Amino acid sequence: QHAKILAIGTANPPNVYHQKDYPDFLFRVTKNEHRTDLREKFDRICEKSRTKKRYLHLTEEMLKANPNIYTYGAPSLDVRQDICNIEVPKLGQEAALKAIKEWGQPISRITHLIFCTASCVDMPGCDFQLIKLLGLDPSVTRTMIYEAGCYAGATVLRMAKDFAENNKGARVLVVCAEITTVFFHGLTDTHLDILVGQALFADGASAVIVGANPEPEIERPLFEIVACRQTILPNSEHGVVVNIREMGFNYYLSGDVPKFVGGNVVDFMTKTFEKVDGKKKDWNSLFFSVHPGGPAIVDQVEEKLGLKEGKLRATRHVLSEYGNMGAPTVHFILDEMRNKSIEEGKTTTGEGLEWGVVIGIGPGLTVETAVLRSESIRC
Amino acid sequence: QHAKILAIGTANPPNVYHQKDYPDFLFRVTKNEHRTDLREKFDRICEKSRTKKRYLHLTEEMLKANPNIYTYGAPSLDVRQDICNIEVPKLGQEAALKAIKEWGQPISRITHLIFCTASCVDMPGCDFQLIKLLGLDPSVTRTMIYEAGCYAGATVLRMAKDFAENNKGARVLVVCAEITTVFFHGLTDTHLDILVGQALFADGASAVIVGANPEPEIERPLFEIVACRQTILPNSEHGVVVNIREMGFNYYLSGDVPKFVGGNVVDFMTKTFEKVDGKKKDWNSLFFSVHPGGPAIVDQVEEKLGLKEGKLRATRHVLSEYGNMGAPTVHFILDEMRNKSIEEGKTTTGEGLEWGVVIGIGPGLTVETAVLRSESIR
Ligand SMILES: CC(C)(COP(=O)(O)OP(=O)(O)OC[C@H]1O[C@@H](n2cnc3c(N)ncnc32)[C@H](O)[C@@H]1OP(=O)(O)O)[C@@H](O)C(=O)NCCC(=O)NCCNC(=O)CC1(c2ccccc2)OCCO1
Ligand SMILES: CC(C)(COP(=O)(O)OP(=O)(O)OC[C@H]1O[C@@H](n2cnc3c(N)ncnc32)[C@H](O)[C@@H]1OP(=O)(O)O)[C@@H](O)C(=O)NCCC(=O)NCCNC(=O)CC(=O)c1ccccc1
């Protein structure tokens with residue numbers, strides 16, 4: 001009896017930033033309107049981003065009050081942490097309450113908590129703060145995953161699987177929450193990576209309830225977590241780097257990340273499915289939740305796996321409507337898949353298909369995959 | 001069946017700071033010799049520390065080169081991180097090679113890695129760096145535990161147990177490593193908590209190999225990880241606080257932490273052993289690895305569990321010879337227990353007893369317990 005996803009909830013900050021307006025906003029609020037050179041490059045990036053809108057906690061008023069946040073390299077970690085250490089658990093709480101509602105059980109049945117964020121760090125951590133906010137049992141068994149990055153949407157499912165399968169009756173609340181205030185940086189032609197993050201990064205939280213042996217008439221599985229694999233792509237340690245510094249969380253993004261993903265996806269998919277049935281081709285038989293680190297990563301997975309038009313629609317839909325929210329994004333994609341599957345009258349939560357995969361991609365470059373089975377659409 | 005500890009290794013930085021000399025060192029190198037009031041308080045704390053010496057990466061030359069590190073509140077996180085992001089994986093590598101030697105299997109047999117540190121944070125993380133240093137399989141399944149704090153020596157055993165028990169043949173390398181350079185702060189009469197940290201905190205790393213179903217005649221278990229429990233002690237959120245700031249990892253320590261531990265130990269011990277057995281436990285029938293966050297915490301466990309003289313000898317020995325190294329410390333204590341049991345000709349790795357417990361204590365206040373069984377000395 002494998003671990004099942006029993007519920008998914010999601011949440012975002014209330015402020016909507018449409019991409020058509022974000023260049024004007026960013027360059028105005030950071031006092032960079034003279035950098036017409038950088039505005040051209042940012043317009044081009046936004047045009048290619050395949051991101052139509054994003055939800056952000058950050059507001060213009062916060063920047064006016066804390067201009068060090070947009071002053072490249074200036075000390076600002078403390079004010080960023082003061083915000084994010086509060087806002088990340090709060091946004092997580094909202095998602096968790098939605099997941100718990102779907103699940104339909106009392107909060108007292110939660111035995112385990114996984115909290116994941118790359119947006120802040122504190123002791124006690126976000127997990128402790130969420131226990132207070134939700135009134136979880138003080139003896140919940142906790143895993144606090146700080147600063148893992150964009151593969152961790154798959155990683156937390158892998159951890160949840162083992163915790164749920166090895167501890168009979170366990171019910172695991174998994175919460176991934178990101179507030180990108182800590183990553184916001186001003187504009188300099190010495191660090192153009194920032195233009196890419198400014199176009200793509202976004203705020204959001206997911207919550208997933210994981211458990212084996214669903215209770216009949218109460219619990220309803222959405223997906224089954226079958227098998228998982230984590231690997232490091234060769235010769236790519238420069239792909240995604242984040243340093244936690246006095247200036248905030250500083251990041252570097254190699255232009256070659258999409259090529260590394262494309263050059264490795266057939267291998268890492270094949271090695272993942274060796275843990276199941278030895279599948280080695282015909283990837284269109286699967287449903288997919290691909291972490292949309294950027295649009296070129298999505299395009300590379302589609303091209304090198306030979307995916308048909310529309311196979312990655314749910315992934316592209318979330319990237320369009322929410323941007324890259326980090327680890328929660330693959331859970332938004334699973335939720336979107338489930339919702340569209342209901343809308344279309346599909347037989348399962350995975351677009352009618354039986355087997356699928358979650359692909360998380362982050363620093364290392366590290367790829368974690370989770371092979372899923374869908375479930376019938378019921379109650 | 002149950003996950004077993006198959007090996008334990010430990011490591012420390014090479015610089016030894018005898019406590020008798022540390023007040024003179026601290027006040028000289030931080031330019032605080034004029035604060036005789038603070039010196040008097042620090043002498044008193046050191047005298048009560050029950051810590052005879054500590055190993056530290058930090059040197060006087062480092063402080064001279066980076067005086068912001070001892071200038072209270074000055075921006076210094078970047079230099080601290082530049083040191084600790086390198087030094088934490090290196091020290092962990094030393095411990096891991098020792099554990100791997102004891103275990104006696106190829107590095108390529110390791111399927112899972114847990115790395116734990118509260119001394120730094122970076123992306124990719126320490127786990128990634130250790131994979132490079134050791135040549136671990138690039139597909140090892142990793143868990144990177146940043147900034148949990150002093151309960152995590154028990155937490156990582158709980159995590160390793162689930163990974164080892166749910167994945168047939170899995171072999172988990174667990175590495176905990178701490179370099180307290182990130183926590184070093186100068187002295188101000190507005191933040192006297194620093195005097196306690198300056199007296200007690202120390203550097204070290206542990207490595208443990210965990211697996212279920214040890215191979216007969218090839219692997220040999222030291223302890224069995226039977227059951228685990230994590231809990232928050234009521235009304236103690238202020239007990240231990242660490243904020244990751246421009247000035248480094250700043251910390252606050254409540255004077256009530258020992259009383260909180262003593263006020264809860266019977267309960268958290270009872271609730272933990274109820275996961276194993278319905279009979280009442282005799283606490284003196286156990287062997288103990290207690291996180292020595294300070295000497296008063298050890299005294300509180302001894303008192304409220306009614307432990308006989310000497311029951312906590314191994315714990316107190318590590319506190320005396322190494323100080324509070326954070327999460328690794330309870331693993332140093334298990335290693336010390338195993339070593340002393342060999343020396344004394346005991347029948348088991350747990351002082352000749354069958355059942356034991358690891359008690360980790362940290363922010364929340366959070367207590368994680370792991371129930372252990374000993375193994376025969378072979
Ligand atoms: C960018 C683009 C859309 C361009 O569109 P394209 O269609 O590809 O056009 P291109 O022909 O390639 O050139 C287009 C023009 O942009 C220039 N350009 C393109 N790339 C780069 C570059 N890397 N550096 C410099 N310049 C670049 C190029 O030089 C050219 O400039 P030009 O026009 O002036 O000539 C495409 O490439 C793409 O999807 N990239 C994948 C992005 C990627 O890695 N995401 C994963 C990373 N995740 C995190 O870090 C996670 C997180 C976090 C946390 C919490 C919440 C949210 C996140 O943050 C830190 C830690 O956690
Ligand atoms: C601290 C001792 C030995 C004191 O000796 P004592 O108990 O025998 O007599 P005392 O009269 O109490 O002390 C003498 C004088 O110091 C004052 N005073 C005492 N306690 C104070 C406090 N807590 N605050 C503030 N003032 C305090 C007191 O007021 C008196 O003042 P005086 O009148 O002399 O001027 C003991 O209490 C004790 O074990 N406490 C438990 C310590 C504890 O919880 N550690 C948790 C560890 N946390 C971490 O995070 C670890 C970490 O990062 C790390 C990361 C990586 C690597 C390694 C580490």
Side-chain angles (χ1 to χ4, degrees), chain A residues 40-42 44-51 117-119 123 147-150 178-180 182-183 191-197 199-204 239-242 249-258 261 291-300 323-329 361-363, chain B residues 40-51 117-119 123 149-150 178-180 182-183 192-193 195-197 199-204 239-242 249 251-258 261 291-300 323-329 361-363:
Chain A
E40 301 182 350
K41 297 165 174 301
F42 191 63
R44 290 196 287 279
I45 291 160
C46 285
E47 286 172 356
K48 282 300 319 144
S49 64
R50 305 289 290 281
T51 300
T117 187
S119 289
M123 319 166 48
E147 278 75 65
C150 281
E178 301 293 345
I179 298 281
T180 59
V182 78
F183 293 104
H191 192 175
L192 294 172
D193 314 46
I194 300 304
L195 295 183
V196 172
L200 294 175
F201 296 169
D203 296 0
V240 181
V241 170
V242 182
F249 289 17
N250 193 25
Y251 61 93
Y252 296 94
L253 308 170
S254 173
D256 288 340
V257 168
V261 173
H291 175 66
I297 289 167
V298 181
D299 288 342
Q300 288 272 1
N324 172 4
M325 296 154 294
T329 310
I361 305 159
Chain B
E40 187 143 359
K41 311 215 193 70
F42 193 55
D43 284 346
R44 294 302 82 68
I45 288 161
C46 286
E47 280 170 0
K48 267 38 208 203
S49 67
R50 306 272 307 251
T51 303
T117 186
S119 286
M123 307 182 47
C150 281
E178 301 295 343
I179 302 284
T180 59
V182 74
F183 289 108
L192 295 175
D193 313 46
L195 291 179
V196 172
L200 288 172
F201 297 172
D203 295 5
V240 180
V241 173
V242 182
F249 288 19
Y251 59 89
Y252 296 93
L253 307 168
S254 178
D256 286 330
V257 168
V261 169
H291 180 60
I297 289 164
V298 182
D299 290 339
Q300 289 279 342
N324 173 5
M325 302 168 282
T329 315
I361 307 155

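Both ligands and their constituent atoms are indexed starting at 1 by order of listing. Naming convention: chains lettered A, B, ... in sequence-line order (proteins, then strands); numbering from 1 in each chain. Atoms considered below: every heavy atom in the structure, side chains included; atoms not considered: hydrogens, waters and symmetry mates.
Under a 4.0 Å criterion applied to the non-hydrogen atoms of B/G255, ligand 2 contributes the atoms 23 (N). The ligand atoms of ligand 2 that sit less than 4.0 angstrom from a heavy atom of B/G326 are 57 (C), 58 (C), 59 (C). Atoms of ligand 2 lying under 4.0 Å from at least one heavy atom of B/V240, given by number and element, are 50 (O). Residue B/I45 approaches ligand 2 through these ligand atoms, each under 4.0 Å from one of its heavy atoms: 15 (C), 16 (O). Counting atoms of ligand 2 from 1 in the listed order, those under 4.0 Å from a heavy atom of B/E178 are 56 (C), 57 (C). Atoms of ligand 2 found under 4.0 Å from any heavy atom of B/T180, numbered from 1 in the order shown, are 56 (C), 57 (C), 58 (C). Heavy-atom contacts of B/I297 reach the following atoms of ligand 2: 43 (C), 44 (O) (cutoff under 4.0 Å). Less than 4.0 angstrom separates some heavy atom of B/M325 from each of these atoms of ligand 2: 57 (C), 58 (C).
Residues B/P295 and B/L200 form a side-chain contact, since some pair of their non-hydrogen atoms from C-beta on lies under 4.5 Å apart. Taking 4.5 Å as the limit, every side-chain heavy atom of A/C46 sits out of range of all side-chain heavy atoms of A/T51. Side-chain contact check for A/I361 versus A/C150: every heavy-atom pair is 4.5 Å or farther apart. Contact check for A/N250 versus A/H191: side-chain heavy atoms found under the 4.5 Å cut-off. Side-chain contact between A/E40 and A/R44 is present, with heavy atoms from C-beta onward closer than 4.5 Å.
Atom OG1 of B/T180 sits about 11.0 Å away from atom CE of B/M325, to the nearest 0.5 Å. Between atom CG of residue A/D203 and atom CD1 of residue A/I179 there is a gap of 4.5 Å, rounded to the nearest 0.5 Å. Note: B/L195 CG to B/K41 NZ = 7.0 Å, rounded to the nearest 0.5 Å.
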**OP:** Any chance you could lay out the side-chain contact (heavy atoms from CB on, under 4.5 Å) test for A/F183 and A/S119, step after step, and finish with the verdict?
**Re:** CA-CA 8 Å; A/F183 293 104; A/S119 289; 4.3 Å; yes
**OP:** I would like to know whether A/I194 and A/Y251 meet side-chain contact (heavy atoms from CB on, under 4.5 Å); could you show each step before the answer?
**Re:** CA-CA 8 Å; A/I194 300 304; A/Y251 61 93; 3.6 Å; yes
Original post:
Could you go step by step and tell me if B/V257 and B/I297 meet the side-chain contact (heavy atoms from CB on, under 4.5 Å) rule?
Top reply: CA-CA 8 Å; B/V257 168; B/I297 289 164; 4.0 Å; yes
Original post:
Yes or no on side-chain contact (heavy atoms from CB on, under 4.5 Å) for B/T329 and B/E178, after CA distance, side-chain angles and deciding distance?
Top reply: CA-CA 10 Å; B/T329 315; B/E178 301 295 343; over 6 Å; no
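Of all heavy-atom pairs spanning B/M123 and A/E147, the tightest one is CG-O, 3.3 Å. The two residues B/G149 and B/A118 make their nearest non-hydrogen contact at N-CB, 4.2 Å. Residues B/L253 and B/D193 approach most closely at N-OD2, 2.8 Å, considering heavy atoms. Minimum heavy-atom separation, B/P258 to B/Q300: O-CG, 3.2 Å.
Within a 4.0 Å radius of atom 17 (C) of ligand 2, the protein contributes no non-hydrogen atoms. The presence of a protein heavy atom under 4.0 Å from atom 24 (N) of ligand 2 is confirmed. Taking a distance limit of 4.0 Å, we find that atom 12 (O) of ligand 2 is approached by no protein heavy atom. Protein heavy atoms are absent from the 4.0 Å sphere centred on atom 33 (O) of ligand 2. Protein heavy atoms are found inside the 4.0 Å sphere centred on atom 55 (C) of ligand 2. Protein heavy atoms are found inside the 4.0 Å sphere centred on atom 48 (N) of ligand 2. For atom 6 (P) of ligand 2, the nearest protein heavy atom is under 4.0 Å away. For atom 28 (C) of ligand 2, no protein non-hydrogen atom is found at a distance below 4.0 Å.
Residue, atom and distance of the protein heavy atom nearest to atom 4 (C) of ligand 2 are B/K48 CB, 4.3 Å. Scanning the protein for heavy atoms near atom 40 (N) of ligand 2, the closest one is B/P258 CG, 4.0 Å. Protein heavy atom closest to atom 3 (C) of ligand 2, with residue, atom name and distance, is B/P295 CG, 3.4 Å. Atom 19 (C) of ligand 2 has its closest protein heavy atom at B/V196 CG2, 4.5 Å. The single protein non-hydrogen atom nearest to atom 46 (C) of ligand 2 is B/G293 O, 3.7 Å, given as residue, atom name and distance. The protein atom (non-hydrogen) at minimum distance from atom 35 (O) of ligand 2 is B/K41 CD, 4.1 Å. At the top of the distance list for atom 59 (C) of ligand 2, counting protein heavy atoms only, stands B/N324 O, 3.4 Å. For atom 36 (C) of ligand 2, the closest heavy atom belonging to the protein is B/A296 CB, 3.9 Å.
Contacts between B/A202 and ligand 2 below 4.0 angstrom, taking non-hydrogen atoms only, involve the backbone exclusively. By the criterion of a heavy-atom distance under 4.0 Å, the backbone of B/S254, and not its side chain, is placed next to ligand 2. At a heavy-atom cutoff of 4.0 Å, ligand 2 is contacted by no atom of B/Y251, backbone or side chain.
Heavy-atom separations between B/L253 and ligand 2 include at least one value shorter than 4.0 Å.
A donor-acceptor contact shorter than 3.5 Å is absent between the side chain of A/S49 and the backbone of A/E47. In this structure a side-chain-to-backbone donor-acceptor pair under 3.5 Å is missing from B/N324 to B/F201.
Where the criterion is an N or O separation shorter than 3.5 Å, residue side chain and backbone included, B/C150 fails it with respect to ligand 2. Distances between N or O atoms of B/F201 and those of ligand 2 include no value under 3.5 Å.
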Show me a pair-per-line table, with atom names and distances to 0.1 Å, of protein N or O atoms that are under 3.5 Å from an N or O of ligand 1.
| residue | atom | partner | partner atom | Å |
| --- | --- | --- | --- | --- |
| ligand 1 | 23 (N) | A/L253 | O | 3.0 |
| ligand 1 | 23 (N) | A/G255 | N | 3.4 |
| ligand 1 | 33 (O) | A/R44 | NE | 3.0 |
| ligand 1 | 34 (O) | A/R44 | NE | 3.4 |
| ligand 1 | 34 (O) | A/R44 | NH2 | 2.7 |
| ligand 1 | 39 (O) | A/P295 | N | 3.2 |
| ligand 1 | 39 (O) | A/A296 | N | 3.0 |
| ligand 1 | 45 (N) | A/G293 | O | 2.7 |

